[PDB]
Ligand SMILES: Nc1ncnc2c1ncn2[C@@H]1O[C@H](COP(=O)(O)OP(=O)(O)OP(O)(O)=S)[C@@H](O)[C@H]1O
Ligand SMILES: Nc1ncnc2c1ncn2[C@@H]1O[C@H](COP(=O)(O)OP(=O)(O)OP(O)(O)=S)[C@@H](O)[C@H]1O
Ligand SMILES: Nc1ncnc2c1ncn2[C@@H]1O[C@H](COP(=O)(O)OP(=O)(O)OP(O)(O)=S)[C@@H](O)[C@H]1O
Ligand SMILES: Nc1ncnc2c1ncn2[C@@H]1O[C@H](COP(=O)(O)OP(=O)(O)OP(O)(O)=S)[C@@H](O)[C@H]1O
């Protein structure tokens, strides 16, 4: 039976599968919320340039 | 066994400096043997690093090749722990097409200073499946008002009480230590944090660095942040230029400067980028700012103890006669060569269906693999066959 | 027209018989019997495409004909097999490394022959009706043998509307993609309207069945596949040369898929020839890369030409035979070109005269071959054209010895220029 | 058929069970000591627990160093990553040579990651969006019909692929990848001529979850995370238009990927297959590269590194006056185990010539083999094996199916070796 | 130019000058190695550092609601 299946088509015994990429979860970079508040500078110290 | 990303490297046996509370080095401890004076100096330097009060102190570990300078550096790194920054580079890594040598050194310096920020978040949420919002928990049951649309995604968990941030039972506190380099790469672009991974940072401007230094000083004064000074390790510092050394001179004079550890294994040689001869390949003006710790060549028993520690690190059992033969080999050729003979002889014994490394195994590995001296001699014998003599 | 009379225009091939024996003068190719025979053996090896990464060096004195041998090999190889010719100086780019440029040159020299079974319907349009408010339509096509009425789906209607098909157009339609390609306007319908329009030129009605299947062969190079697969719109870099350091893993994937295609009957590999002219301009790093680039099964046959002898290897202070390191020289076979005799020089001059279409007397041939032996072959070859122009100015038809002497006096060779310079050595700068 | 290269005859080290080298086996003859040492190194790579171990193949050119490295590769098999490299490849125009070395180190460490693949495939029965947080899509297979609530990303990829209805699609949930592989077969009979291709409807389930093993290297993860290509947000889309330059991947990305890989190894969804990095012509590396290799080999993550050099007392490149044994700094030679390759006797050269003749499908007479061995003794081994193909070509021209001595003589006269050419120079 | 052997207080004197001027006056510190940049020419680096050693003080009456 197996030999007959192979004779009919080899895709019956082992299909060709789609080739796929490995999906890696995004890297989570943790940091303090105060870091993003850097370079903000104080209102009432910033003039109109 | 399962092979993890971290395998048996050269310095895997070193768990730290084997130092007493008085900093006196134990003969063998934490994977380090000998180098008593150098280990004591590394201990006092490590206490200086831990105290973190004096900025920009530079230490040079000098000695013959294979005397454990890099081993002392890795022991210092292991003793320091993961919470204080320890930046390790080779002198070659500052020669970049993305940035100048000055910029590479500046980044390495700012990767060694860490700012510690602790934040109070708000988290109470728990066991809820219902929809509008009321919450129920083994000890709590509550109702919350809402006037925005974020709940649609929340349907299909825990929220921030202040801003309503949504994400899949008390306030809880989080500590984040961020290096100065991270701070100025995050704030150099709109998505500059990506450059912390791709390396496409390209010469952060001095303006933003000045502003970030000012803001970090402000945070320190206001109590929001505390500075965790680290240590920058430059291995093979003789690969640096005269320009790089001159930059290091004044880079170490900032109050935001880490502790600098340098390793070099050469005598009076040419400074790269110049025709001048200096004691360590380092200009004398930089050596002026350095405390130099010298490593002594290992004795026979120190070599045998290192071989024992490396064998038990690699999980290979040798006979005593094999230990003496291998110690003789190490004293005759080099310590690294014997360290590698250990693994090769374990493999040869394994093929033999044996369990313990014998003298015959070490002889076989000695025949198969050559040291520099024997290969150089066999080369001299075939001098003409080799190319470009 | 854009191809004028180049230096090697007369070279139509290697001029060898079936035994690979060189005929004295054949295919614009005089002398160099042993070198030409070696080139023929190498050409056979290239045609077989069985052994990969083979290197040959053509070594000889300047003007002995190494580049002519290479051009003859290219001509005898034919347009179908890839033949990339570069100068060693071309691998020094600001876009990429020397190793990257050499890899690209290697992969330009390998050709991938991709045969696909298409199913096209080709016929003469004798009727097309499109109803539009989904659109409806009907299309009748005919060959010489049969006619069929097609009920059109919306996609096919859109394709026809975009391609503006009328009655009298000869079109081919791809059954898979529905692409419409129109081959012209047909014998029967032909003339078209009684409106503004333009002139007319007509093609024949196709014969046989409308659907004829048919197998088409598409040829690419490994470099093209690399460039297309590297940059998501990297195809335009095949013209701009803006492909910087294609990743090694991408190339490994290309190689694996090409081998897979070959096993599965889709692709056929055509190993070509990479010709590095003036290979002494490569530095030691480039030679070291060449050493191992020739170990791959996707490596072409490498032809190198150099006139150096006992010369410094670029990037090093070492002296080696051809300016090439001895380790690479052991990887290749050396074809030596001997200097030219009086009669070989005269024959080459006659061939160049024929190529440039200049008649010249036998006295002129004697004088010019003497000049070529004394000065150089190339200088005499240029005197050919110069003397023809002088004769035409004189309003003659045959170039005489007097014209040759006139152009000898007008245009100098290196020896005489160097002498006149030596006399006035102080007047020239930085002596 | 397959093309014959200079190393196609090497199929292994030809070592028996005890590791002793058979005189001739697996396409290798002689170099028994070097082959035995390479067998020990093969066992080292298979042991898998030692990192940053380097070996140096030292010997004059022609002695088979690259052949032994590829024999090691054959012994390991395609499973273990074997990254071949030349010293000239470090000099990149985009990234620093240290980065090139680190990338090659990272792609010699291989990962086999088992991944669950979520597949939606079927005929699009309906496609209804909801303001744009939703797309309700009906998918029909032979098994049955299902309608699924999918993200805006999948919907907008569906719009990219232009799937309307009756179209057979293939959705990978993990990557958000949509493939419109054609229209359903039931609609072929609609029209005599339509401008699309019809595909039979899928015969499996609409929602299929499949466990597959993916072969990747640490460099693949580094490059993917340093040049992100997933995600559909506009900011990343506009970054995809940049020229894909190689960037100097930071140690932080590599540490993060190390953490991720360690987590995978703990979870049992990945296995590490550390391989070998082969740097041929290592003498081409400059002093900076060697001094970086000092550190790169101390890493607990480093692969097994194989170096090959044929130079005798060459100046170290970049040093301009420092002569070291193999063009390699002494401090690096202290870190390597040197395997020496010796020159070949006439008999070993004759055996190698016969093996190359067999691989190239060339019949050579005993007289021709002896003459070619004599030539190789006079010229070099490489020269002799190169004469075989031209000699066979001449033999076919003469109409003979074997290489006789006269053909070898003819090819010897037509072509020259480096020594004859140098003589005429 | 502060000329003298190493360790004789040249940098200390420059920093003392900076202190005597106060943060009001812009003090731009630099190393001669900083002129070698992969992005701009040494002349541009020098010109920029000249630019940032001249300070500008803007007075504004900022109204807000
Ligand atoms: N700190 C040190 N203390 C004592 N000897 C040293 C020290 N550093 C180097 N040496 C000596 O210097 C020798 C060579 O050092 P290397 O670093 O290998 O090369 P090098 O010192 O730069 O010498 P060259 O030939 O000038 S490049 C060693 O074998 C030691 O004998
Ligand atoms: N059979 C031949 N073999 C070689 N050269 C020929 C032959 N027939 C004609 N030529 C001449 O070869 C010239 C090409 O330039 P040459 O420098 O003389 O030779 P070449 O082919 O360029 O090789 P090199 O590198 O210059 S020595 C043409 O102008 C011809 O006059
Ligand atoms: N012992 C051997 N048995 C079989 N083939 C060999 C042997 N040694 C060398 N070869 C081969 O002979 C040819 C020349 O050797 P290669 O290994 O390619 O060059 P190489 O001399 O090893 O390179 P290096 O680095 O200069 S030693 C190749 O086809 C090799 O496969
Ligand atoms: N006159 C001084 N009084 C007090 N401290 C000083 C004096 N001169 C130098 N120092 C300090 O001594 C150390 C060495 O002097 P530096 O100022 O760093 O060197 P420099 O002379 O300024 O520059 P160099 O070394 O000549 S290139 C520093 O910590 C200085 O602050």
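Since every read-out is calculated from the coordinates, none of them should be taken as a lab result. Ideal geometry is used to build each Cβ from the backbone, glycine not excepted, and the neighbour counts take in all protein chains shown.
Taking one quarter of the surface of the C-alpha convex hull of the stretch C:139-232 gives a mean projected area of 9.3 nm². Starting from the Cα gyration tensor of the stretch C:256-298, take the square roots of the eigenvalues, sort them a ≥ b ≥ c, and report rounded, prolate or oblate (rounded when a/c is under 1.5, otherwise prolate if a/b is larger than b/c, else oblate). It is prolate, given that a/c is not under 1.5 and a/b is the larger ratio. For the stretch C:220-317, evaluate the Debye formula with one uniform point scatterer on each Cα (no solvent term) and list log10 I(q)/I(0) at q = 0.12, 0.24 Å⁻¹, rounded to two decimals. Log-scaled intensity ratios, in q order: -0.54, -1.32.
Where the alpha-carbon atoms of the stretch B:1-56 are placed on the principal axes, they occupy 44, 28, 17 Å, in descending order. Per-residue mean of foreign Cβ neighbours for C:36-44 is 4 (Cβ atoms of other chains, 10 Å radius).
Ratio to report: Rg/Rh of the stretch D:49-187, with Cα atoms as the point set and Rh obtained by the Kirkwood method; give two decimals. On the Cα set of the stretch D:49-187, Rg over Rh gives 1.26.
Specify the inter-centroid distance of the stretch C:181-209 and the stretch D:247-300, based on alpha-carbon positions, in whole Å. The two parts, judged by their Cα centres, are 66 Å apart. At q = 0.15, 0.17, 0.23, 0.25 Å⁻¹, what base-10 log of I(q)/I(0) does the Debye formula yield for the stretch D:1-90 when every alpha carbon is treated as an equal point scatterer in vacuo? Debye output, listed in q order: -0.59, -0.76, -1.33, -1.49. The share of C-alpha pairs in the stretch D:108-224 whose separation exceeds 16 Å stands at 64 percent. Using every pair of distinct Cα positions in the stretch B:277-376, the Kirkwood expression returns a hydrodynamic radius of 15.2 angstrom.
Relative contact order of the stretch B:299-389, taken over Cα pairs closer than 8 Å and 6 or more residues apart, is 27 percent. Each of C:99, D:125, C:143 has some number of other Cβ atoms within 10 Å of its Cβ, and from fewest to most they run D:125, C:143, C:99.
In terms of Cα atoms, the Rg and Dmax of the stretch C:1-151 work out to 25.6, 79 Å.
Taking a point 7 Å from the Cα of residue A:46 along the Cα-to-Cβ direction, none of the residues of the stretch B:183-200 has its backbone N closer than 12 Å to it.
Using Stokes-Einstein with the Kirkwood hydrodynamic radius over Cα pairs, what translational diffusion coefficient do you get for the protein assembly as shown at 20 °C and a viscosity of 1.002 mPa s, in µm²/s rounded to a whole number? Rounded to a whole number, D works out at 57 µm²/s. Per residue, the convex hull around the alpha carbon atoms of chain C comes to 260 Å³.
From least to most packed, judged by other beta carbons within 10 angstrom and beginning with the fewest, C:261, B:219, A:44 follow the order A:44, C:261, B:219. Here the translational diffusion coefficient of the stretch C:341-431 follows from Stokes-Einstein with Rh set to the Kirkwood radius across Cα pairs; for 10 °C and 1.306 mPa s it amounts to 116 µm²/s. The mean number of partner chain beta-carbon atoms within 10 angstrom of a residue's beta-carbon across peptide D:357-365 is 1. Extent along the principal axes, Cα only, for the stretch D:344-425: 36, 26, 19 Å, with the longest axis given first.
Remark: the stretch C:295-354 projects, on average over all directions, an area of 7.0 nm² (convex hull of Cα atoms).
Ordered by the count of other Cβ atoms within 10 Å of each Cβ, fewest first, C:287, B:95, C:428 give C:428, B:95, C:287. With 10 Å bins beginning at zero, the pair-distance distribution over Cα atoms of chain D amounts to 4, 16, 19, 19, 16, 14, 9, 3, 0 %. Shape descriptor for the stretch B:59-138: Rg over Rh equals 1.33 (Cα atoms; Rh from the Kirkwood inverse mean 1/r).
Evaluating kT/(6 pi eta Rh) at 37 °C and 0.692 mPa s, with the Kirkwood radius of chain A over Cα pairs in the Stokes-Einstein relation, gives 185 µm² s⁻¹. With bins 10 Å wide beginning at 0, the percent of Cα pairs of the stretch C:128-176 falling in each bin runs 23, 60, 16, 1. Per residue of C:96-105, other chain Cβ atoms within 10 Å of the residue Cβ number 3 on average. Ranked by the mean number of other Cβ atoms within 10 Å per residue, highest first, peptides C:65-77, B:205-217, D:352-364 order as C:65-77, D:352-364, B:205-217. Ellipticity at 222 nm from helices only: DSSP H runs of n ≥ 4 in the protein assembly as shown, each -39500 (n - 2.57), divided by the residue count, give -11000 deg cm²/dmol.
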